[PDB]
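Labels A, B, C, D, E, F, G, H, I, J, K and L are assigned to the chains in the order they are written; within every chain, residues are numbered from 1.
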Amino acid sequence: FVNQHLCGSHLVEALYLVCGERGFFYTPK
Amino acid sequence: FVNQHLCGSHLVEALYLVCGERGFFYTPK
Amino acid sequence: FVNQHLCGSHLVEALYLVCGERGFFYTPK
Amino acid sequence: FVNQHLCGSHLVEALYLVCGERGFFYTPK
Amino acid sequence: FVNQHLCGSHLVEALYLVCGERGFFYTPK
Amino acid sequence: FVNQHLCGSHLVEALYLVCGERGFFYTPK
Amino acid sequence: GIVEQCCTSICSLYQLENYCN
Amino acid sequence: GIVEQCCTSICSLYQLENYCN
Amino acid sequence: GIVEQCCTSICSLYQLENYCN
Amino acid sequence: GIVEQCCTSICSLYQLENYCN
Amino acid sequence: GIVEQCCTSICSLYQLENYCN
Amino acid sequence: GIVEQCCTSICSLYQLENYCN
């Protein structure tokens, strides 16, 4: 589903702004 | 620092595209 | 100026995420 | 609806490029 | 369809990262 | 160079919005 | 509303000009 | 999963805080 | 068309390589 | 303004909230 | 080119239109 | 780290893959 890929691209930018120096891990699978 | 933040914003976008289903860990300096 | 424009591009994206349903007024220098 | 949030993120970047120095107001509600 | 416009905005950033110095052409029609 | 890459990332986004259905050819230096 | 106009139908560049300060 | 939670329902800013290292 | 191929089905990184100048 | 402060120093989430409606 | 002009000086919408197909 | 290398020198796709899970 292409809609999943588009939403993930907005999740990575949200985690980057929120986590900041802490960092984030993105793991859909 | 400000410009370092801007590079990371595009950096996480690039990492998300390149890795894909594998995912990644983002750790800043 | 060029780099100021780039910061504003990420700035409005950050403001949109943080505020949400409230909305915001963006006024540049 | 998540599709509303995604479209809004593209509206803020469109207003920023169009309004420029004038500025914009985003008010969904 | 608004979903077409959103996906195209993600295609241009994917071509830019992939093509790099080569460059890309975007031609939906 | 790094900052030149960042400007192109926003440049292709701006060109995509402005042109629209016409499309464009992106050629870097 | 901008959400009820430019997000249910595609808006041209001038359609975004209306909401500029 | 973050894909199964924050992409099927809209997540507030704090909902994104959970996945921070 | 790139719109009719990479936007109705998810395209891998190499699928984007085809349209590079 | 917003540019004069946040584009020269990193602005925290509380500082961004001051610009919300 | 496009980078040599717009990445050193802010390009107006008309200038961007010159690069459209 | 990732910032110390890719934000000062352009990183190729192989270099980005080293940061993938």
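As a convention for this text, a residue touches a chain if its C-beta (ideal position, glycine included) is under 8 Å from a C-beta of that chain, and two chains touch if they have at least 3 such contacts.
For the interfaces A-H and C-H, the C-beta contact count is higher for A-H.
One of D-H, B-J or B-L repeats the interface of A-H: more than half of the contact pairs, counted by residue number, are shared by B-L.
Chain geometry summary: the mean Cα position of chain A and that of chain D are 21 Å apart. Distance between chain centres (mean CA atoms), chain H to chain L: 26 Å. Each chain gets a centre from the mean of its Cα atoms; for chain D and chain G, those two points are 9 Å apart.
Within chain B, residues 2-3, 5-9, 13-15, 17-18, 23-28 each touch two or more of the remaining chains.
In chain G, 7, 13, 21 are the positions where the chain touches two or more neighbouring chains simultaneously. Residues 7-10 of chain G are the ones touching chain E in the complex. On chain C, the positions that touch chain D within their shared complex are 8-9, 12-13, 15-16, 21, 23-28.
The touching residues of chain J, when paired with chain C in their complex, are 1-4, 6-7, 13, 16-17, 19-21.
Of all residues in chain F, those touching chain C in their complex are 3, 6-7, 10. On the side of chain C, the complex with chain K involves touching residues 1-2, 5.
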